Amino acid sequence: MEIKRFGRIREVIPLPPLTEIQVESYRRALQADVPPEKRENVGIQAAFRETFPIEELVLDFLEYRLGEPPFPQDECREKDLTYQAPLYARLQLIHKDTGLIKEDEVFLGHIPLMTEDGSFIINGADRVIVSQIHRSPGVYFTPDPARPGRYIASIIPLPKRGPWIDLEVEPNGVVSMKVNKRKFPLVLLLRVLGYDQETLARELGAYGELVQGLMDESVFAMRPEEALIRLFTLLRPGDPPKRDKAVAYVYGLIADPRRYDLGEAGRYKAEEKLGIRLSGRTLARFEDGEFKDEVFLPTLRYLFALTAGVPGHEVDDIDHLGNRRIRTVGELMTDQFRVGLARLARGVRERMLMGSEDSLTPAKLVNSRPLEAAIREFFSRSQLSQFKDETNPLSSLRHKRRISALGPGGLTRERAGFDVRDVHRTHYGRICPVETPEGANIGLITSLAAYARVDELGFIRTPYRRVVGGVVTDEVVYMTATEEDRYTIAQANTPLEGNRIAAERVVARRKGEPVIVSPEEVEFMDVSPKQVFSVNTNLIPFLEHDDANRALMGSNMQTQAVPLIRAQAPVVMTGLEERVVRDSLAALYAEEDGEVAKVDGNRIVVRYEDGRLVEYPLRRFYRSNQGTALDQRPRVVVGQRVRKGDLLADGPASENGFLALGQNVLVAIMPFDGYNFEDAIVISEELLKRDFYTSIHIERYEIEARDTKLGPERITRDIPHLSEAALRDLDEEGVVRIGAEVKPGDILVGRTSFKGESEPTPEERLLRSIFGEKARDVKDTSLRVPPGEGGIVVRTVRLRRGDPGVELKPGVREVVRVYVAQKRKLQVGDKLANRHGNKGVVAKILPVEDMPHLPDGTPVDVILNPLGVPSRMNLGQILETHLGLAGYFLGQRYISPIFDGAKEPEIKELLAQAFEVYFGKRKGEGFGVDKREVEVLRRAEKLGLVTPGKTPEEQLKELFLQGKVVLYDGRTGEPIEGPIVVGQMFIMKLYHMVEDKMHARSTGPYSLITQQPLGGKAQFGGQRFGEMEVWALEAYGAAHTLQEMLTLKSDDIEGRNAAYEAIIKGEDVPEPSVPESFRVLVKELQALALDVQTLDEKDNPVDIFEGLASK
Amino acid sequence: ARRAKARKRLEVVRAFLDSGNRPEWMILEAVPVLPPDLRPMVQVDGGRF
Amino acid sequence: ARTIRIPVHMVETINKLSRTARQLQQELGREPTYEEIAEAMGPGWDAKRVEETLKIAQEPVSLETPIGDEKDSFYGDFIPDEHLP
DNA sequence: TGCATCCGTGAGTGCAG
DNA sequence: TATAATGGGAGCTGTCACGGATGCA
């Protein structure tokens, strides 16, 4: 069908490659594609260069190499391996005394590799490394919260690469300094740098205010290396101040570019800040015997001139996006790498001075393990290594572009206040202002703007067109926050003739404040409106008619779009629906021009013009992280002639290459008898019929059989006491047959473990004595299916040991996995949502004979309730229906660009053109106006929707253009007293389905120390009845109902057992005894030497342990 | 100020007097141990502890 | 050192795996298999006996090992008490 | 004696995890 | 069971607010 566009904004550049922040980053840290000679001292390299060479014997670093992975991407996904490359590093040992030369290339472990789309595989599950936001290295000044006229200065390096330092000028005239929270007069330190009384006034010499106060010659009466020892006493209360130990402590804190690194960023920021070039990323130097300061006096220069009033000395806004910055994934891991390397260096020098100082190689002086472990750590338990979000393909892409303020190096939740979370001015077009989570993480976790990129220093920059005179150049440049603030910048949509600014008032920002300014004064212009919002946010049509607090829900809620087996792109799109399917790298495209050779549910082979015969195989029915079938379907036919970059298969939730998050449905917006109540939703049974909102889901069910101190566990088809009917789907070995139907209770894999020292006790040895079978020695431990689960066995994997290629964790014989599937029709309880924040649960499925319907027999699919819209303030979904009405009868889809879309006239135009089809079809097919359509028109006139005294066609026309139609209740035939809004909406099925959340337990597992029930659906939980629930019962005064909760229903082991016996015996439950968890409270106070004591009214103890702990 | 802290202190004396505890008892010779089951050693599924 | 104390001579030979496996790995470009260990370990060493040696090298894990990235869960809570009836 | 100043303690519910 | 060997090493950083106990002009 036709795809009508709107939008006047000729966007100059396109969206940049949407995973570059994940991929570009790691590669600029590995360099596994650069000839070592040609490498450059960033990333994996720079870490080697830093830790090496090791010192007294000496061991120096030549070069590293990386080998290809021992198993291909998919092989690791299956075998729960990691997709990693072997890391070799060539070294040369050389003897500090003779001239020794040995040179091995010792193996360091495996560095894990990043796939094409930006993900990782770590023990066979995809994961994402969320870039982290943090205050950036550099030197800042910010007023003192106490003394309104004195200002702390602060000096901050990269995380854990040096200490913080403040220069608060005290109330006693002379300037202080804090290191490890240890304050002392700054002067003492300047001395140690070889500084002289005069060359201070020779450099300060203006502010006799304090320049003359900074000086106090109880210090000046000392040479440089004299105060050197003076201060080692000030920070080491106890250590012998030897002139070998003090030069080592200071240096190891302030001039040692090995545990003091300002950022590569930190250099430039402090450079331009204090306007001085900076040799290296380090506060001080050791050069020609003594210390030569680099950063302390410049900083001391700024601070003083500020506390008087000098120009060009502004406090700094640490929440500006020039003073914050992003630790991308590559940087984040070389950090962890630079910590494994340094640990290995504690392990060489240790064996460099004990064990034999001449019969030594690199090979046996290096224990690879301290490195191997810090890498295994970063990827398997960082806050920033998260299980991938591959619900649908948007979820994986949105993930890779996440930004956490939290994590190792940043903010502890408690450390997070307001300024961190606020939307800052400088977010504009770098971090989305919508896309962030509701809840406690609001404003810490955010999303990368769509046009935005991170420069080599870790700052986010956004594009802008350069205007000269008043004409707009096609030359685009990306600015950091800081330089942006220098210009007057016109708005995305300031109107143009050709490429000249055609207005006389132009809408522009100067340092983020809005200013009205003439086209003479205009230096740059936004590239687009798409540049201010997330990717997801740019998927919201009619965004400018949507209050922000629901734009946000429609933004996040998309990444929860279950992929539907008949998915379709939204009738009203925003223009990104295509790139997203692209960069998501989930659909499957054409590498060069060619013709198509074969085509099949399983593979797509294409002859190219190069004669090459590529064979793209199809990822068909692959189980995602979240259980959602990640299914690749083919979109070409034999011999199809394909130009480059055309499509060859749709990924999941993609239709002919467009992001198909849900379905387009005929929606009526009208209360419906209570099933609309509070966002609930009513749906037409005609939806399950045509398999709309259906989805396929999978769960892995895994089991091990392990060697035991009582025998081996056995995967058998031979389970004691089990009827063949109860096995009629298991193969010889004990596996369900691929293609069975399995439901709750069903065995999926039979298994036998040996019984214990409770091998049949008397009670039991006798019961068998009567039945002619003696006690059996093995046990049914079969893997059944959980309550409320099941489906159709689609595969099985059986890994023993003793088979090739395979070796499992120690003591385990064999491990069997059975993947089960289900086709999930929509059902009453599942969650639906639209891109505007309308979210609700399916509360009712009427049969089509009850659905409101149009005169011409057609029933609606969804009855939303108008009470959602007013207080919610998200009007877009209103327009999205109206333009959906038109589209429905013209047979068109539309592309309405965000903030530059189709406006009300353009669209009421399209409704007229539809009316013609819907009604003119009629008054010719032999039918006129209908008797009920008048009774409604009568009402519409009292309302004011229609002009009185006009032909019904004239009026129905008029209602239509208001997007309203006549609707007959299917329960009566009588019309809805009013004219209703009916149109076409994009509505996704969310991931939260009743099937995954119904749960109930009578009695189940309990906890070791508390004997209170376990928690969680998967453990077969109990429901936590908390302090607040207890209050509830308390306020009611339901003493017996509460007590029940606190004894027989939780951990009153005696009366608990006693009760369940009472029910199955048809008796009332018995009055309870003391909860077991209280006993634990007694015993735990004894272990602290406190003698707690239950007592009767006459003050004599009472044994709540029934004598079992008295002698 | 003297009258104030001889109250604070005295409170603690009568705390001991009225109860019958001996001040010395805030120093254990015999530290007690908490029953094993309340601090268990268990084999999880994989035969691990 | 170990929560479960093991005879000193058994510790002694455990580290003997740890060390000789480590060189194997440093020669292989990958970690060795059970078999590649019993070979470089010598005679009286089969693949079976390097396995059950590791499965007692195995240090226990904390019942309070933290679950999640907030911390309101404990790995011990997900453990059902199967002694008590 | 009055008032800095430090140290220790808190910082919502359940569910998925 | 025996050359001789004789004082460690990592700190970590952006919250807050109140109440109580201790130090000091």
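When its C-alpha radius of gyration is set against 2.2 N^0.38 Å (N residues), chain B gives a value of 2.26. Neighbouring Cβ atoms from other chains, within 10 Å of the Cβ of residues in B:36-48, number 6 on average. Eigenvalues of the alpha-carbon gyration tensor of segment A:515-657, scaled by 5 and square-rooted, set the equivalent ellipsoid semi-axes at 37, 22, 11 angstrom, largest first. The distance between label points at A:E357 and C:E70 comes to 5.8 nm (points 7 Å beyond Cα on the Cα→Cβ vector).
The label-point distance for A:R39 and A:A548, in a model that sets each label 7 Å from Cα toward Cβ, rounds to 4.6 nm.
Listing A:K4, A:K400 from fewest to most neighbouring C-beta atoms within 10 Å gives A:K4, A:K400. Largest GNM mean-square fluctuation among C:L63, C:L54, C:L17, using chain C with Cα springs under 10 Å: C:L63. The helix-only estimate of mean residue ellipticity at 222 nm for the protein assembly as shown, built from DSSP H runs of length n ≥ 4 each weighted as -39500 (n - 2.57), is -7500 deg cm²/dmol after division by the residue total. Computed from the C-beta positions of A:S758 and A:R728 and an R0 of 41 Å, the FRET efficiency is 0.80 to the nearest 0.05. Going by a ≥ b ≥ c, the root eigenvalues of the Cα gyration tensor, does segment A:946-987 fall in the rounded group (a/c under 1.5), the prolate group (a/b larger than b/c) or the oblate group? Cα axes put segment A:946-987 in the oblate bin.
Backbone phi angles across segment A:947-954, fed through the Karplus curve with coefficients 6.51, -1.76 and 1.60 (θ = phi - 60°), yield HN-Hα couplings of 7, x, x, 8, 3, x, 3, 3 Hz in residue order; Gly and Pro are listed as x.
Using 0.36 nm per residue and subtracting the Cα-Cα separation, the extra length available between A:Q1093 and A:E438 on full extension is 231.0 nm. Averaging the sequence gap over all C-alpha pairs within less than 8 Å and six or more residues apart, then dividing by the number of residues, gives segment A:184-316 a relative contact order of 22 percent. With a ≥ b ≥ c taken as the square roots of the eigenvalues of the C-alpha gyration tensor of segment A:826-942, please select rounded if a/c is under 1.5 and otherwise prolate if a/b is larger than b/c or oblate if it is not? In terms of gyration-tensor shape, oblate. Fewest-first ordering of B:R7, A:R39 by other beta carbons within 10 Å of each residue's beta carbon gives B:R7, A:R39. Built from the Cα atoms of segment A:649-694, the convex hull projects on average onto 4.4 nm², one quarter of its surface area. Net length available on complete extension from A:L688 to A:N656 is 9.2 nm, with 0.36 nm assigned per residue and the Cα-Cα distance removed. Taking every residue in A:1003-1015 and counting other chain Cβ atoms within 10 Å of its Cβ, the average works out to 4.
Considering all different alpha carbon pairs of segment A:671-781, the Kirkwood hydrodynamic radius works out to 18.6 Å. Compactness check for segment A:208-315: Cα Rg over 2.2 N^0.38 Å is 1.23. Once you have a ≥ b ≥ c as the square roots of the Cα gyration tensor eigenvalues for segment A:996-1062, tell me rounded if a/c is under 1.5, and otherwise prolate or oblate according to whether a/b is larger than b/c. In terms of gyration-tensor shape, oblate.
Can you tell me the orientation of helix C:8-28 relative to chain C, as the angle in degrees between its alpha-carbon axis and the longest Cα principal axis, to the nearest 10? It is inclined by approximately 70 degrees.
Neighbouring Cβ atoms from other chains, within 10 Å of the Cβ of residues in B:4-17, number 0 on average.
Just so you know, the Rg over Rh for segment A:252-310 is 1.02, from Cα atoms, with Rh as the Kirkwood radius. Averaging Cα coordinates gives a centre for segment C:1-45 and one for chain B; these two points are 46 Å apart.
Go ahead and run the numbers for FRET between A:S279 and A:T473, Cβ-Cβ distance against an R0 of 35 Å, rounding to 0.05. Efficiency, rounded to the nearest 0.05: 0.35.
Could you tell me the center-to-center distance, by alpha carbons, between segment A:415-476 and segment A:874-924 in angstrom? Centre-to-centre (Cα) distance: 34 Å.
On a per residue basis, the convex hull of the C-alpha atoms belonging to segment A:1021-1111 measures out at 166 Å³. Restricting the chymotrypsin sites (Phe, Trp or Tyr not before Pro) of segment A:361-454 to loop positions (DSSP other than H, G, I, E, B) with no more than 16 neighbouring Cβ atoms within 10 Å leaves A:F418. A quarter of the convex hull surface defined by the alpha-carbon atoms of segment A:70-173 gives 14.1 nm² as the mean projection. Pairwise Cα distances in chain A exceed 43 Å in 57 percent of cases.
Directionally averaged projected area (segment A:317-400, Cα convex hull): 9.1 nm². Rounded to the nearest 10 degrees, the inclination of helix B:2-19 to the longest alpha-carbon principal axis of chain B is 50 degrees. Diffusion coefficient of chain C by Stokes-Einstein, Kirkwood radius over Cα pairs, 10 °C, 1.306 mPa s: 101 µm²/s.
With just the Cα atoms defining each centre, how far is segment A:1061-1111 from segment A:574-612? Give it in Å. Answer, in whole Å: 72.
Taken together, the values in this text are just the output of simple stated rules run on the coordinates, not laboratory data. Positions of Cβ are backbone-derived with ideal geometry, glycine not excepted, and every protein chain shown enters the neighbour counts.
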